[PDB]
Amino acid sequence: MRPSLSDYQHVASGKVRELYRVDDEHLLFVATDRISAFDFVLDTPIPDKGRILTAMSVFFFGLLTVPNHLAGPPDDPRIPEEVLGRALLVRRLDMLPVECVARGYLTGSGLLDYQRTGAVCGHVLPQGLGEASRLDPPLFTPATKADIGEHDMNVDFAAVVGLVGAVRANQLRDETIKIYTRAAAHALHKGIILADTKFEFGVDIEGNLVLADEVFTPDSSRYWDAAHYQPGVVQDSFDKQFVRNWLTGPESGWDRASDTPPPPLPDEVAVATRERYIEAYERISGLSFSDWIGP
């Protein structure tokens, strides 16, 4: 007997995740099976994506030594059956208003900022870099949330100071880079490049920094196949390239530039995408997804 999700109060929704109040000091952090591509949440869910990404997050939490917001096991009796395997019980924290980002490679808004200004989030970079260039050391490239449906706004370190305090900002920078460095080296050892990552921190009652997000999922982090890493061109998304290629190919009937909501995916593409998630999970964790809890 587990409670119903309807026993808990919904407090937040993201594109592909949900948050619920369990009591005054705990929340329920729920991954869904929805997937986003080209800034659209697609009509077609990916089977088991919520469970797979939750397993991934749990693995990486176990790998990292930093305090985190997990407040119970993946089978905690407070978790409803309906979300079992894709929801975790977490401690309620005072969240810090910073999207902490580390970039090991230059792509996306990071590359664009560099191409426009020669710098990213206050970091003046060497000349001659381009798409998927390795950054060494990794860059702290923080961002702030914007309006609904808008991309996060890249900001520099001074902006983070103004948001959370000088000493805390230094802590966010150091911890974000330490955590990314550890995770990325682990993943690369297993054949996957984590090109970048984003996560949020909160502060507990004693004032300590606590990692409080999904961590190193293909949604929070660019997953790349290391065996095909080729600086100078756009790398395939380990998990979403089948989806991307179909949507923008000759069979979808959809024009990406038209900004109209994309059509549903072929079942075959959704199944193939689930397999990519399982492959990435099992390679990185060294575990079997068949052992991960579910309904």
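The term rigid core refers to the maximal set of C-alpha atoms that superpose within 1.5 Å between the two forms. One rule holds for the numbers: they count along the sequence shown, beginning at 1.
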Quick note, superposing on core in 8 other deposited structures of this protein and taking C-alpha RMS, the more shifted stretch of 144-152 and 158-166 is 144-152
Of 105-113 vs 203-211, the stretch with the larger average CA B-factor in the entry is 203-211
Out of 244-252 and 27-35, which stretch has the higher average CA B-factor listed in the record? 244-252
By the CA temperature factor listed in this entry, which of these ranks top: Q235, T54, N68, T260? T260
Which of these, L96, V155, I179, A187, has its C-alpha atom at the highest B-factor, as the entry lists it? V155
In terms of the CA temperature factor given in the entry, to which third of its chain does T217 belong: lowest, middle or highest? middle
Lowest, middle or highest third - CA B-factor, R86: middle
In terms of its chain's C-alpha B-factors, the third that includes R276 is the middle
Ranking every modelled residue in this chain by its Cα temperature factor as given in the entry, which third contains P138? middle
Entry-reported C-alpha B-factor of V167 relative to its chain, by third, is lowest
